[PDB]
Amino acid sequence: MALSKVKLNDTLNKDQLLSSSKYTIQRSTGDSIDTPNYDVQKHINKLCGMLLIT
Amino acid sequence: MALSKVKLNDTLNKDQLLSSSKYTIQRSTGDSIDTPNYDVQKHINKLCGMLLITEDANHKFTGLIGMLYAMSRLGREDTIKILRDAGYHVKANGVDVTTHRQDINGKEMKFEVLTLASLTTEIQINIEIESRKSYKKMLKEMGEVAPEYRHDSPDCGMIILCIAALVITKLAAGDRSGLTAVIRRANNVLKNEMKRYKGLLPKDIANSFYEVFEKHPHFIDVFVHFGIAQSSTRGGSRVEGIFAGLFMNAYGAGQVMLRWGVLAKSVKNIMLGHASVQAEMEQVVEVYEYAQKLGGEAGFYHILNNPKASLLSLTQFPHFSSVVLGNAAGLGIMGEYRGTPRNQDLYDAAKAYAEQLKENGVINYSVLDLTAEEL
Amino acid sequence: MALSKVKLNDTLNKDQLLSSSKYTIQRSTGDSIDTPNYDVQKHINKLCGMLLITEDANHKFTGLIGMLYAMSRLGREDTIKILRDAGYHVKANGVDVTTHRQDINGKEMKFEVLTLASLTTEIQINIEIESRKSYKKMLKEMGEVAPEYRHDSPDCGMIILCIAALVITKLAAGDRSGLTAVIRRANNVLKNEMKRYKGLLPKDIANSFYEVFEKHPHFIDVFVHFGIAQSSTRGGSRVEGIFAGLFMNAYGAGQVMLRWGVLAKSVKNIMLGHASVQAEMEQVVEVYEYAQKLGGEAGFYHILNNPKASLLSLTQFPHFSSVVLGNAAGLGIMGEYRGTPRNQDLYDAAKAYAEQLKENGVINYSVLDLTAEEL
RNA sequence: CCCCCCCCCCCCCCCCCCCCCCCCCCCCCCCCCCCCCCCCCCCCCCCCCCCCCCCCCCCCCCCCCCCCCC
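Criteria and thresholds
Residues numbered from 1 in each chain as written, not as in the entry; some residues may be left out. Chains lettered and ligands numbered in written order. Part of a larger assembly, values for the part shown. Heavy atoms only, no water. Helix = DSSP H or I, 4+ residues; strand = E, 2+ residues; numbered from the N terminus. Buried < 20%, exposed > 50% of the residue type's maximum accessible area, 1.4 Å probe, protein only. Contact = heavy atoms within 4.5 Å. Polar contact = N/O pair within 3.5 Å; in protein donor to acceptor, adjacent residues only side chain to side chain. Salt bridge = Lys/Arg side-chain N within 4 Å of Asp/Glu carboxyl O. Buried area = accessible area lost by both parts, 1.4 Å probe. Near = heavy atom within 4 Å.

Residues and elements named next belong to chain B. Its location among the elements puts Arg-338 in the loop between α14 (318-330) and α15 (344-357). For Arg-338, a relative accessible area of 63% translates into the label exposed. With residues up to four places along the chain from it excluded, the contact list for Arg-338 reads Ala-173 and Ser-177. A polar atom in the side chain of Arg-338 sits 3.5 Å from the side chain of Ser-177.

On to the interface of chain B and chain C. With 49 residues of chain B in contact, the opposing surface of chain C contributes 58 residues. Where chain B meets chain C, there are 6 salt bridges. A salt bridge links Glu-240 of chain C to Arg-27 of chain B, with the shortest nitrogen-to-oxygen separation between them at 2.9 Å. Our count for the contact surface shared by chain B and chain C stands at 24 residue pairs in polar contact. Those elements that provide at least two residues to the side of chain B that touches chain C are α1 (10-19), β1 (27-28), α4 (76-86), β3 (88-89), α10 (218-231) and α13 (275-294) of chain B.

So, on to the interface of chain A and chain B. The parts lose accessible area when they come together, and the size of an interface is often stated as this lost area. Opposite the 23 residues of chain A that make contact, chain B presents 37 residues. Across the chain A/chain B interface, buried area totals approximately 2900 Å², and carbon plus sulfur atoms make up 60% of it. The three residues of chain A that bury the most area against chain B are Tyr-23, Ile-25 and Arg-27 of chain A, which together make up 26% of that side's buried surface. The interface formed by chain A and chain B contains 4 salt bridges. Between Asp-10 of chain A and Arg-259 of chain B there is a salt bridge, with the nearest N and O atoms lying 3.1 Å from each other.

Moving on: the protein's contact with RNA strand D. The environment of RNA strand D is made up of 53 residues, and the closest members are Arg-184, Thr-315 and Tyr-337 of chain B together with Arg-184 and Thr-315 of chain C. For RNA strand D, the fraction of atoms within 4 Å of the protein that belong to sugar or phosphate moieties is 63%. Contact between RNA strand D and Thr-315 of chain B: a phosphate oxygen at 2.6 Å from a side-chain N or O atom of the residue. Contacts to RNA strand D include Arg-338 of chain C, whose backbone N or O atom sits 3.1 Å from a sugar or linking oxygen.

Right, dumping it as structure tokens:
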């Protein structure tokens, strides 16, 4: 009754902390990244096949 | 009934008071502070790497340089915002990259430097000079430098901030006493990184971070919120996964006594029944529930010097503290912990019972029921 | 049933009356008051340090100077706002830094001084003159002065406000009687600081603060709210962590009798069952619940002279007071406390039972249940 | 048809209060250990098979209601 009510919820407290940050970091991945669009998809698939038949 | 209803809630009353101030103080941090933006981040990482490839590197400035990376991850605006939230007046200092021309060894040379209040463009080039020396030597040894060994590796910034996180871990004691523990862990956890960087000297960088935190105590706030923002992240390199893991080991520093309490309750240590401990209970619950109410932010209260952390002390309850600490003793978890029981008789009794507990595990069959058991 | 329903709630009725006044008084504090703004804060800190490095420093003005630092942390606007909230008409006095030219030892010199109603630009330079003397002597002794020893250290302002906090601690009694207790604590708690500053003389500064509080009693309000605003803080230097801790030791000064009540209930002191104590209970609960309702602000009611503090007195209940004080006696917590029981017979009985309580801790097994215990 | 008696009310005493009593008073910063995490294996599926089938409209009588008294 008395002591059995005393506990600390650490797992959920920690989630609550990481979920509720008021600030954010941002990383600089590298100099470039290629973002191929839908229009190029068929050509990339073709290129993949070239590797598979080799 | 009559008297059992009389109580005073002091722990929560005190929180209520500090939470509801109608006025505020503001501190004047110093003359300048550099707030590197996202755009500078890659260059700072590069500079971090230069330190890591430099064998027997001078790590005096590494602490400060690490803080700069962290701030360049938060971004100029986010970093100022966290300073102002903490309450410090901020002379923000914009950080740009300029080229510098200087003749080293007679021959004139170009260098990529940052405009920094904290760092002379002199001592900057000196890191790049020293790095090149350790680099050409590295190139001679293995013929060709792999990408994991160079100062380019995206990990470099975060690698340095790893021993920073470890410094935060032991910052609970407030002095340099965690240092040997910091080294120990940096050696097991980070052993792979130390293999790729001759300049990853734990003792030295750990000292340089202790240095920057002690000197500029507002950075300790900045770093804590950076780490939080870094641990908020959705995914990341194994190193960032290491950083976050280490950083979070510091959640709940200074409140070890609190967790050892939950333990004493969990193992049902007999000395909790003692009359003079039962007398304290009413209040010891008050504080545990206050911890609960506070939630996540609470864990770091001791690392930042948040006045409200005094409130989580179980010191105010000598009889309970003593049996809790004795329980932890008898279960062999304390030491070389420097906490002292205020009640030797209770501590000894709790320790004695605790030591006896690990000896006999009795199987409790009423947690899981079965309609037919032959055995 | 019939008569048991008849009661008068006096404690809460009285609060209700003082809370709901339709009119207000306003006091005319004096001719001027200096309200230093954030911009002056660093200079005041510097001036504080000058006092701390001065060996055998004259601490007459240190009390007043401390108040100035605190006000320069609150800021001109926040500081006026707290004066007006307290109800005092304020002749605000703007604080600017001007240069002063005067020939000391024949040679003409420059000085950085503040335009202050309270402080002559004469007695200001005298602190800087005296500091330089103790500084060149300090430079001769250790060859080079470390940053922890100089008047630059960002701690200096807050260090002085530490013994100020300690003065608040013992201000409950209203006289200088706390002084020896103040010194005692300043010596254990602040021993590190006293090592770095030859001018950190507790007796002297404590007297200087007592002086400024007694003389200008509105400052005691200002300081209390500063300390609250300082304890609201999110993080801070170890010194600010010390300040906050000490400041909060004063929460609940004057209401020690109240906490010793909760104690008497907690240890289940038998003399609480006595018929003539049971008669008081109905009302003694009224006051404890009033304390509860009031919340945080209540703790400081005695330090500021808030009329509503009279209401928390347990003095009005002689029989209860006596057993509570006797309980505290028998548990060896009172003394050299100068409270007297109004019922010697009860006090003695409570003390006697209390003394017997510490002798036998009986283990109570019905707080934690186990489905199978061999022992 | 309904209806039908009697009948104003009131009437004494009486201000209220009155004692004692500020309050407070001790002690006490806090903290201190250890510790990343993780690690096996593994696609999923796999048969049979439309449904339905009969009978079968519904209906059919009797009957206004009302009527006293007051």
